[PDB]
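Computed over heavy atoms, backbone and side chain alike; hydrogens, waters and symmetry mates excluded. In the text below, chain A, chain B and the rest are named by the order of the sequence lines, each starting its count at 1.
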Amino acid sequence: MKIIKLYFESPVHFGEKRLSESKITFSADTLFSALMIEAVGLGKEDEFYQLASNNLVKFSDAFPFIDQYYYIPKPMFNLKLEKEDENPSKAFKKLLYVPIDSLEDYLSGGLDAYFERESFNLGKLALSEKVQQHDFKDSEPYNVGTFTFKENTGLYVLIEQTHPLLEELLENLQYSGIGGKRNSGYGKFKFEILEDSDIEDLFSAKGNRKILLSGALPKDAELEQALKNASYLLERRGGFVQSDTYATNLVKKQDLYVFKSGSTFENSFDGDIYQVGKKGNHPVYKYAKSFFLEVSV
RNA sequence: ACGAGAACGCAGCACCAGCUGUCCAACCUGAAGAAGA
């Protein structure tokens, strides 16, 4: 709809649980936390939170794009029911991201499992080796897991019905970085809003299968109906609260288990902005709203 | 309210020690300060 294309000119560190590892993408709660921190910095966190909770701004999580090829995580479809020939989900196991336009080819088979993998070539991971220099003690080494994007490669976020506030926070987020060691030399990108009409065709279409495009958690009143002919994967979201005015000490937020952003559902749900920090001075939010791409299955 | 915050891959270390740019080889060979009539 309004694809936020991210062009990174520095290696990124998106940690899953450890500083020594990096993942190639970042989630929607990570982007929401970054934008909320920017809004706190410029003093309208409440306006941004109301925009996000009232669905004025709702965004997927970051996906790879490689030379105007927008990719989507391989959806967890209840297919492979073709029980005669081929290799459904056999060679479709090392394939992590499928092109968003080639999704109909993947649905009915014919997508080349091998060719879709060497075609998918975005940068490469690295380990940065560092120390804390101590003038008289022994210097303690530590290392940071990083990912470097390629020349015509980056990440993109699906935003529908963009907002002036979202564009203003995205401009400020350029000069603060995104990811782990952004105050060191790791969070650095340029962004475009780049309205697209090919992608709008996919998201204006209806279907019997809803591909979840962001880490989402249905509310308790709808989790039961969401779990009906669903093919999902449950992911833990947590970590330490990143703020200056919370608890006067480093404290981990509550662990939130959400549906991973490749899950497919037949019943649509709209998640929630969950408060995973309640004992501190300010609320801590975990964006778990549902972004859906509908297909025919 | 970004599995995140803070953290120099940093400190000491001579590209250095020994070793003739040396050995062999005639500036040499031949030539009337001399003759008209």
Side-chain angles (χ1 to χ4, degrees), chain A residues 4 6 8 10-53 59-62 126-147 155 157 165-166 169-170 172-189 191 214-215 235-258 273-288:
Chain A
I4 304 161
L6 299 205
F8 292 93
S10 80
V12 297
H13 169 57
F14 304 129
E16 319 95 332
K17 214 143 177 211
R18 314 186 143 69
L19 192 67
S20 61
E21 309 280 281
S22 186
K23 53 186 185 174
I24 77 179
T25 45
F26 62 88
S27 66
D29 46 304
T30 305
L31 175 62
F32 178 80
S33 293
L35 296 173
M36 181 62 71
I37 283 157
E38 281 321 309
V40 174
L42 59 86
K44 45 194 83 158
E45 63 260 35
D46 296 318
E47 198 201 327
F48 180 56
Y49 175 66
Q50 283 313 130
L51 285 189
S53 54
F59 46 85
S60 85
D61 62 358
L127 192 69
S128 184
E129 293 179 354
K130 321 193 164 322
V131 285
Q132 177 165 357
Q133 190 267 353
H134 290 111
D135 189 358
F136 309 115
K137 292 187 297 180
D138 189 358
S139 292
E140 65 183 1
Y142 80 98
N143 63 7
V144 178
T146 54
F147 181 73
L155 297 179
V157 179
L165 185 48
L166 187 81
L169 299 185
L170 271 165
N172 280 262
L173 196 66
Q174 278 197 34
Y175 309 101
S176 45
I178 195 163
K181 303 289 264 184
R182 54 176 182 94
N183 281 297
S184 172
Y186 291 126
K188 207 195 171 160
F189 66 93
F191 89 99
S214 66
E235 163 158 305
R236 181 214 71 111
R237 305 269 167 100
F240 286 84
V241 177
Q242 181 196 114
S243 44
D244 271 19
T245 80
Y246 191 102
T248 62
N249 225 332
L250 282 72
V251 54
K252 290 180 81 187
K253 59 177 74 74
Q254 294 169 12
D255 268 347
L256 196 70
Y257 293 83
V258 302
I273 320 292
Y274 294 95
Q275 180 167 335
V276 296
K278 302 165 177 287
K279 271 78 74 179
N281 295 319
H282 64 74
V284 179
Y285 296 124
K286 191 64 83 164
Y287 183 88

### Message
Can you tell me whether the base of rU22(B) sits syn or anti, using the 90° cut around 0 to define syn?
### Response
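Judged by the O4'-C1' to base torsion, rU22(B) sits in anti, the angle falling more than 90° away from 0.
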
### Query
Glycosidic conformation of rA34(B), syn or anti, with 90° from 0 as the boundary?
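Chi for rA34(B) falls in the anti range.
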
What nucleic acid atoms does [X] come within less than 4.0 Å of, heavy atoms only: base, sugar-phosphate, or nothing?
| X | value |
| --- | --- |
| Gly277(A) | nothing |
| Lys181(A) | base |
| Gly15(A) | sugar-phosphate |
| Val40(A) | base |
| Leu35(A) | nothing |
| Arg182(A) | base |
| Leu173(A) | base |
| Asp138(A) | nothing |
| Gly180(A) | sugar-phosphate |

Pucker class of [N], where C1'-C2'-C3'-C4' positive means north and negative means south:
| N | result |
| --- | --- |
| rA4(B) | north |
| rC23(B) | north |
| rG33(B) | south |
| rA25(B) | south |
| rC16(B) | north |

### Task
Can you tell me, in whole Å, how much space there is between the P of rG5(B) and that of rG9(B)?
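So the two P atoms sit 16 Å from each other.
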
Spell out, as yes or no, whether a donor-acceptor pair under 3.5 Å connects the side chain of [X] to the backbone of [Y].
| X | Y | value |
| --- | --- | --- |
| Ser27(A) | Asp61(A) | no |
| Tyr287(A) | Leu31(A) | no |
| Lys130(A) | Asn143(A) | no |

### Task
At the 4.0 Å heavy-atom cut-off to chain A, mark where contacts on RNA chain B begin and end, going 5' to 3'.
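Both ends considered, the range comes out as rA1(B) to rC10(B).
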
### Task
Starting at CD1 of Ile37(A), measure out to CZ of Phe32(A) and round the result to the nearest 0.5 Å.
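Between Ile37(A) CD1 and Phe32(A) CZ, I get 10.5 Å after rounding to 0.5 Å.
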
### Query
Between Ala34(A) and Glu140(A), which has a closest nucleotide on RNA chain B that is more 5'?
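Result of the comparison: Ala34(A).
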
#### Entry: Closest-nucleotide ordering on RNA chain B, the 5'-leading residue of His13(A) and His134(A)
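Result of the comparison: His13(A).
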
### Message
Would a student be right to call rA34(B) and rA35(B) stacked, given the definition of ring centres under 5.5 angstrom and plane angle under 30°?
### Response
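Base stacking between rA34(B) and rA35(B): present.
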
### Query
With a 6.0 Å cut-off on ring centres, are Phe8(A) and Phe147(A) close enough?
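Judged by ring-centre distance (under 6.0 Å), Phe8(A) and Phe147(A) do not meet the cut-off.
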
### Query
Between the side chains of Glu38(A) and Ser176(A), does any donor sit under 3.5 Å from an acceptor?
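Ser176(A) and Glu38(A) do have a side-chain donor-acceptor pair below 3.5 Å.
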
### Query
What do you reckon, is NZ of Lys188(A) surrounded by more than 12 foreign heavy atoms closer than 6.0 Å?
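Not more than 12 within 6.0 Å, no.
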
### Task
Would you mind checking if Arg237(A) and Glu235(A) are paired as a salt bridge, meaning a charged N to carboxylate O distance below 4.0 Å?
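Salt bridge present between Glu235(A) and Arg237(A).
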
